[PDB]
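Everything on this sheet refers to the single structure shown next.
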Amino acid sequence: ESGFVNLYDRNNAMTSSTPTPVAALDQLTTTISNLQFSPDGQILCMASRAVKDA
Amino acid sequence: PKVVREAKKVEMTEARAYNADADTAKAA
Amino acid sequence: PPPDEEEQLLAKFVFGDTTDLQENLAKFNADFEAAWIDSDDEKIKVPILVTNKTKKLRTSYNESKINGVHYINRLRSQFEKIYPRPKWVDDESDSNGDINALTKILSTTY
Amino acid sequence: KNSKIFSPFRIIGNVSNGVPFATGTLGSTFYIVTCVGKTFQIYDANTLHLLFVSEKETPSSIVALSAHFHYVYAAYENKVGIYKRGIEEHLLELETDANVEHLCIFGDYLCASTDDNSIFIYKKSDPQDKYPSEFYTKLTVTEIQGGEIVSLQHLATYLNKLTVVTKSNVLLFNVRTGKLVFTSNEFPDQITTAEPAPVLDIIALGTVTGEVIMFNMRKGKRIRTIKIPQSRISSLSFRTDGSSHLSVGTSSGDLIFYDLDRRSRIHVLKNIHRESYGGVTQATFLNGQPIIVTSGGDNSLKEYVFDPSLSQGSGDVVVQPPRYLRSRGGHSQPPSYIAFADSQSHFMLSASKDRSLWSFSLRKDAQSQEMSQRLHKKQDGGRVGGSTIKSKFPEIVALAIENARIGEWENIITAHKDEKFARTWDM
Amino acid sequence: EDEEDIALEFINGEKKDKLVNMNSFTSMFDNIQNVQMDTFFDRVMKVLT
Amino acid sequence: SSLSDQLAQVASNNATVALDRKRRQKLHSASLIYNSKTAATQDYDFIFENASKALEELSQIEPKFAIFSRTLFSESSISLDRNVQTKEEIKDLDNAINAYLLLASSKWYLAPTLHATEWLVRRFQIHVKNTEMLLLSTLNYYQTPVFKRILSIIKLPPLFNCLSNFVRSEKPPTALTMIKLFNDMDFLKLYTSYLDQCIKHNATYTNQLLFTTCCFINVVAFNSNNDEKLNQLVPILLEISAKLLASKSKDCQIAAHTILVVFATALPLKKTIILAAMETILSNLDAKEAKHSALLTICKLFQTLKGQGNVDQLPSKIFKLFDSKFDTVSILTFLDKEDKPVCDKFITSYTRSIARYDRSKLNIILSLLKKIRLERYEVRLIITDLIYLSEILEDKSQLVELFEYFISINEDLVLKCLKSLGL
């Protein structure tokens, strides 16, 4: 809801069991409503249904 | 201020050239 | 009678001579054939005093005709007077690892 | 099929086609002869204003073009036309069934070449005569001496010699004797362009590939060569303003300035002409000027300028890039729709298939401008729905225009190709 | 396993790195004075990686 | 042209000549140490006395200024004037002042150099005759009052407009204004001329070296958004790094190493240009810290390049010069270093290059594979060309030991690779 997307890698999350995010994206300021990856894992899109052009 | 590049007018000066009529000569 | 060297130094001092300094200044810096010919173009001899451009090309008031060899010699000389010969052609000709490989790749690739 | 009511006059909106222009001077004024189809034009160079046109349409398209002081030498289908200020005043029929391919003037010997490698040398009727009318001799370069004739050059200080650059080597013919006086070495790359250097006895051969080789005919030796791979050298010219620089115009619409003394690349210019129309079809320095005329096959004739160096000490090391200077142009396609703009018969709008619409002047064409495609801002302040990148409007299939209230609101309506809407235009 | 599997394993094998933004090398101007070239090269490398 | 521009051009022609007592006074008050009043009321004999003392002190420091005390610091050098001599002589004078400033460019924070430079300013008018060269000489000292006084007295060429904005101020110029000056393109061509000169004369030092190296990393830093500006920045900066590596000095080699590193991590470069950089580095690599920094450049370059032909092997000449200039024990020590940079593509390509060419130090390849952590596609390429080398070469015990190491760690990839190519 704070617009934040914490991105972790599973290869270290599975062995850390209290993992550290690889990224903390905060480029949106409203509710994150759509998180979608690529079919080959290269782009993640984050979209907000609260504000337009989001 | 950045480096100014103000354009200006051009002028075609008098040009010298070679004479092909001087190169080509009649035979002796 | 030639002058003495002390008299010459004193003459420099009393005259303000900058010729010795000019010689030092101009001296001291940064110390740290053909494949073919033509027989008809050799035996050809052309008139000179018919046209004003060849009146420039000549060398003698009394000379009225000159052969093709001296003609093309003065012709190339005045061609040299028109366009001077630059260094990239006059003095430059192409004919463990190297060091200018970056320069060659930079010249061949954009 | 000649008429009694009308009479053809000339063509608007075309400055080049792909045929290489020819430069010339009348003392201090400089004129450019550029072919327009069956016709040629003669522009000024200090202002690019039009000087002369060919008054008589040649029955075919002019293939070769060249010019000395006050006489222009065209070569359409079989003959050499010798005009003065565009006035058809001498015809020179070659004795062949072929088409005249190359043409060059030196002194008292015109050298043409028809496509079966057949050189035609014509002698002036008099040393004081102005154009060749007498047929001197006819030479032919058969397949053993070299390839097909690429160029007929006349190097400086050469008594009746003619440099027939062929596809494989370089030949030197004495046109007085009619004899091949020198055969050069065979070159591993097919020469496409040949241009005489300002230095003595040296030509530049821009081949199919990037290898501007400085060859000397005296030594019979390739003195130098410049690597520039994946490119067909379509033009070569030399800075004669006072600096050792070479412009290479590739067929890719590119222009490369080299400094020869430092052996370095001064500058590049990308897409000065359109590759599909041939790219740079001709590039010529102005003799003793830092001005470069670049014509392409895209109906375009540009004239760029080099600025003098701003470095107080360095100069040619810190040399200036080309600054954009004056150009002439028209449509790349034939014009689809045309309209007049006013009652004075002074302007015509022309929409063509290249999606670019052009207001051409009529009295003097120095007002041939593309109508700006730049949107006014909407009255509601909302966003516009479209792609982020820019593009031109579809080809104009219908058009109307009025001049009652000109400079007040919109005055041109253009119905483009397959639109349920028509765009407005301010003249 | 297809070349799609090979390319996906290549994408998975391609790892991340620290990019070069425009506001990175602005402290070397303050820390240039009386500094060894090797130490500054290591400084450039540690800000890069 | 316009008459205003013509009179301005003839004024720039008639600049260094005094036409009256006021303009003579302005050029005589133009100084580097004294202020206007005492700079007016002192004399050329006094300035020359202090100048000869300063230059003989500089001769005591280094024997280079003896020739300049011989020629440019004489009584004829007092009595001479620039405008009364000819063009050949004024060119030779420009060369002499050039050599003098190229020598004295490394002692700018010294009072004898200040006195000698002030005497040359008030005598030979170098602050109005050659300004670009003087600023390129003492540009690395922009935080200094001597350069601030240089700025406040200099007539500026039209390129240094940041310093034209920063002239006559009480604060020294800034690092941002330095980044903008080096961001101007033709200033880099002036600096390539300067770098070619100082490389040909071997008058370099670490302060100027670090300074312009930082300007280069920061200009490629601010330019990391514009691809075409970066691409037109390639030839200048690459020629700089090329001649800097052609130079023999370890400091210049490490600076060029840093320059190639930052230019690669800002710009994914091409494979043949990268291999030519390795070639030139390996050809002019001589010293120890240069060798270490060069190994780092090899690793960073081979990691930053990515594409089709990513982990292709080193060719014959490059690989042979690699094993000639570097030791397997030295790179093994580098792998044993605790920092452990990501040398993935470099190590895989190097192992495949040895597998093609040498086929002798398979124990060394084994130690490499057990020392560095690898990646799936790299091990796949290794297992493929290892199977091919096993099929062409005789089956060796150390070779099947590599195979058994693969069994211990990921036999399944060996199974998939044999199923794709073999039994």
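No lab work stands behind these numbers, since they all come straight from the coordinates. Heads up, the Cβs are rebuilt from the backbone with ideal geometry, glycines too, and the neighbour counts pull from every protein chain shown.
Whose amide H sits under 5 Å from the amide H of C:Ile44, counting only residues 5 or more places off or on another chain, with H placed in the peptide plane?
Residues meeting the criterion, in which the H sits 1.01 Å from N, are C:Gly68.
Determine one quarter of the surface area of the Cα convex hull of chain D, which equals its mean projected area, and express it in nm² to one decimal. Mind showing how you got there, number by number?
On the way: hull surface 107.6 nm².
Orientation-averaged projected area of the Cα hull: 26.9 nm².
Which values, in whole Å and largest first, are the semi-axes of the equivalent ellipsoid of segment F:337-423 obtained as the square root of 5 times each eigenvalue of the Cα gyration tensor?
Numbers: eigenvalues 83, 46, 29 Å².
Output for segment F:337-423: semi-axes of 20, 15, 12 Å.
Using modelled backbone amide H atoms (1.01 Å from N, in-plane), which distant-in-sequence or interchain residues come within less than 5 Å of D:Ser133's amide H?
Residues meeting the criterion, in which the H sits 1.01 Å from N, are D:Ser125.
Which whole-Hz couplings ³J(HN,Hα) result when phi for each residue of segment D:158-163 is put into the Karplus expression 6.51 cos²θ - 1.76 cosθ + 1.60, θ = phi - 60°, listed in order with x for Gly and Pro?
Each residue's phi maps through the Karplus curve to give 9, 6, 6, 8, 10, 8 Hz.
Give me the angle, in degrees from 0 to 90, between the Cα long axis of helix F:3-13 and the longest principal axis of the Cα atoms of chain F, rounded to the nearest 10.
Tilt of helix F:3-13: around 90 degrees.
Using Cα centres only, tell me the gap between segment F:129-164 and segment C:1-72 in whole Å.
Taking the Cα centre of segment C:1-72 as reference, the centre of segment F:129-164 is 43 Å away.
Please work out the FRET efficiency for the pair C:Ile99 and F:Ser152, using the Cβ-Cβ distance as r and a Förster radius of 51 Å; give the result to the nearest 0.05.
Working: r = 43 Å, r/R0 = 0.84.
Efficiency computed from Cβ-Cβ geometry: 0.75.
Using the alpha-carbon centroid of each, what span in Å lies between segment D:214-274 and segment F:361-423?
Answer, in whole Å: 51.
Going through the cross-link list F:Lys271/F:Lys419; D:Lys302/D:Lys353; C:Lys81/D:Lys167; B:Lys2/F:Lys229, which pairs have a Cα-Cα distance over 24 Å in this structure? Could the numbers behind the result be given before it?
Values: F:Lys271/F:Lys419 32 Å; D:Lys302/D:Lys353 22 Å; C:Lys81/D:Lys167 34 Å; B:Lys2/F:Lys229 16 Å.
Those over the limit are F:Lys271/F:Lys419; C:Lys81/D:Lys167.
With runs of 4+ DSSP H residues as the only contributors, calculate the mean residue ellipticity of chain E at 222 nm using -39,500 (n - 2.57) per run, divided by the residue total and rounded to the nearest 500.
Helix-only estimate at 222 nm: -14500 deg cm²/dmol.
Excluding residues fewer than 8 places away in the same chain, name every one of the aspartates and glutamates whose C-alpha is closer than 20 Å to that of D:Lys392.
Within reach: D:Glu275, D:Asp298, D:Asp354, D:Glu370, D:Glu410, D:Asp418, D:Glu419, D:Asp426.
Mind pulling up the Rg/Rh value for the protein assembly as shown? Radius of gyration and Kirkwood radius, both on Cα.
Numbers: Rg = 36.0 Å, Rh = 35.6 Å.
Using only Cα positions, Rg/Rh for the protein assembly as shown is 1.01.
Take the alpha carbon atoms of segment D:95-180, find their radius of gyration, then divide it by 2.2 N^0.38 Å using N residues; give the quotient.
Relative to the rule-of-thumb radius for its length, segment D:95-180 sits at 1.02.
Hey, what number do you get for chain F at 222 nm if only DSSP H runs of n ≥ 4 count, each worth -39500 (n - 2.57), divided across all residues, to the nearest 500?
On the way: 26 runs with 301 residues, N = 423.
Result for chain F: -22000 deg cm²/dmol, rounded to the nearest 500.
With 22 Å as the limit, write out which pairs from D:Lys123/D:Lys179; F:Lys26/F:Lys87; F:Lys288/F:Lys325; D:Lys378/D:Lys420 have Cα-Cα distances beyond it, or answer none. List each step's numbers first, then the result.
On the way: D:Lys123/D:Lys179 16 Å; F:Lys26/F:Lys87 25 Å; F:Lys288/F:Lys325 11 Å; D:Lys378/D:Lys420 20 Å.
Table pairs above 22 Å Cα-Cα are F:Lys26/F:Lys87.
Which log10 I(q)/I(0) values does segment F:150-263 give at q = 0.09, 0.19, 0.21, 0.22 Å⁻¹ under the Debye formula, counting every alpha carbon as one identical point scatterer?
So the normalised log intensities are -0.26, -1.06, -1.22, -1.29.
Just to confirm a number: summing +1 for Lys and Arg and -1 for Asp and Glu over residues other than D:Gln153 whose beta-carbon lies under 11 angstrom from that of D:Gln153, what do you get? Please list the in-between numbers first.
Details: positive: D:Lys161; negative: D:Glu195.
Charge balance near D:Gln153 sits at 0.
Residue by residue, what Karplus-based ³J(HN,Hα) values in Hz, rounded to whole numbers, does segment D:361-370 have, using 6.51, -1.76 and 1.60 with θ = phi - 60° and x for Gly and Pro?
Ordered by residue, 3J(HN,Hα) equals 5, 10, 6, 10, 6, 5, 10, 9, 10, 6 Hz.
Where is the GNM fluctuation largest for chain F (alpha-carbon springs, 10 angstrom cutoff): F:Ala355, F:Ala11, F:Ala96?
The residue that fluctuates most here is F:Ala11.
For segment D:117-219, what does the relative contact order come out to in percent, with C-alpha contacts under 8 Å and a separation of six or more? Mind dumping the intermediate values first?
On the way: 208 pairs, mean separation 16.5, N = 103.
Normalised by residue count, the contact order of segment D:117-219 is 16 percent.
Return F:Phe334, F:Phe263 ranked ascending by Cβ neighbour count within 10 Å, so the fewest neighbours appear first.
So the ranking, lowest neighbour count to highest, is F:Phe334, F:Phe263.
Can you tell me the relative contact order of chain D? Whole percent, Cα pairs under 8 Å, sequence separation 6 or more.
Worked out over chain D, it gives 8 percent.
Net charge within 13 Å of F:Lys291 by Cβ-Cβ distance, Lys/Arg positive one each and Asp/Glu negative one each, not counting F:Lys291 itself?
My count for the surroundings of F:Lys291 gives -1.
Please name whichever of D:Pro8, D:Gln344, D:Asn174 sits farthest to the positive end of the charge dipole of chain D, dipole taken about the Cα centre and charges placed at Cβ: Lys and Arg +1, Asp and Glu -1.
Positive-most Cα among the choices belongs to D:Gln344.
For segment C:51-90, take every pair of Cα atoms, bin their distances at 10 Å starting from 0, and report each bin as a whole percent.
26, 49, 19, 6
Residue-wise, which Karplus ³J(HN,Hα) couplings in Hz belong to segment F:249-263, taking 6.51 cos²θ - 1.76 cosθ + 1.60, θ = phi - 60°, and x for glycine or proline?
Computed from phi, the couplings for segment F:249-263 are 6, 5, 5, 5, 5, 5, 5, 5, 4, 4, 5, 5, 4, 5, 6 Hz.
Please work out the C-alpha center-to-center distance from segment D:79-137 to segment D:360-388 and express it in whole Å.
49 Å
Starting from the Cα gyration tensor of chain F, multiply each eigenvalue by 5, take the square root, and state the resulting semi-axes largest first in whole Å.
Ellipsoid half-lengths, sorted descending, are 60, 22, 17 Å.
Given bins 10 angstrom wide, list per bin the percent of all Cα-Cα distances in chain C, short to long.
Reading upward from the zero bin: 9, 18, 16, 14, 21, 18, 4, 0.
With the cut-off at 22 Å, tell me which of the pairs F:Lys340/F:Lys370; F:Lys129/F:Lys243; F:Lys345/F:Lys371; E:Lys16/E:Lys46; C:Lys87/D:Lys219; C:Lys87/F:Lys129 have Cα atoms farther apart than that.
F:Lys129/F:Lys243; C:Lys87/F:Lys129
If neighbour count is taken as other Cβ atoms inside 10 Å, put F:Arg373, F:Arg122 in order from fewest to most.
So the ranking, lowest neighbour count to highest, is F:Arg373, F:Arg122.
Please arrange F:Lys396, F:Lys107 by counting, for each residue, the other beta carbons lying within 10 Å of its beta carbon, fewest first.
F:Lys396, F:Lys107
Kirkwood Rh over alpha-carbon pairs of segment D:278-427, then Stokes-Einstein at 10 °C and 1.306 mPa s: what D in µm² s⁻¹, rounded to an integer?
85 µm²/s
Please check: in the Gaussian network model of chain F (C-alpha springs, under 10 Å), which one of F:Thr384, F:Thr297, F:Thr86 has the largest mean-square fluctuation.
Result: F:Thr86 has the largest fluctuation of those listed.
Any idea what the dipole of chain F comes to, in debye rounded to 20, about its Cα centre with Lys/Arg Cβ at +1 and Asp/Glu Cβ at -1?
Around 760 debye, computed over chain F.
Select from F:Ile407, F:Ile298, F:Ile364 the residue whose mean-square fluctuation is largest in a Gaussian network model of chain F (Cα-Cα springs shorter than 10 Å).
Residue with maximal mean-square fluctuation among F:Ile407, F:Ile298, F:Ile364: F:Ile407.
Angle check, please: helix F:206-222 long axis (alpha carbons) against the longest principal axis of chain F (alpha carbons), in degrees 0 to 90, nearest 10.
Result, in degrees: 70.
How large is the direction-averaged shadow of the alpha-carbon convex hull of segment F:266-423, in nm²?
Hull-based average projected area comes out at 9.8 nm².
Run the numbers on chain F and let me know its relative contact order in percent, using alpha-carbon pairs under 8 Å that are six or more apart. Before the final figure, lay out each step's value.
Working: 328 pairs, mean separation 38.2, N = 423.
Value for chain F: 9 percent.
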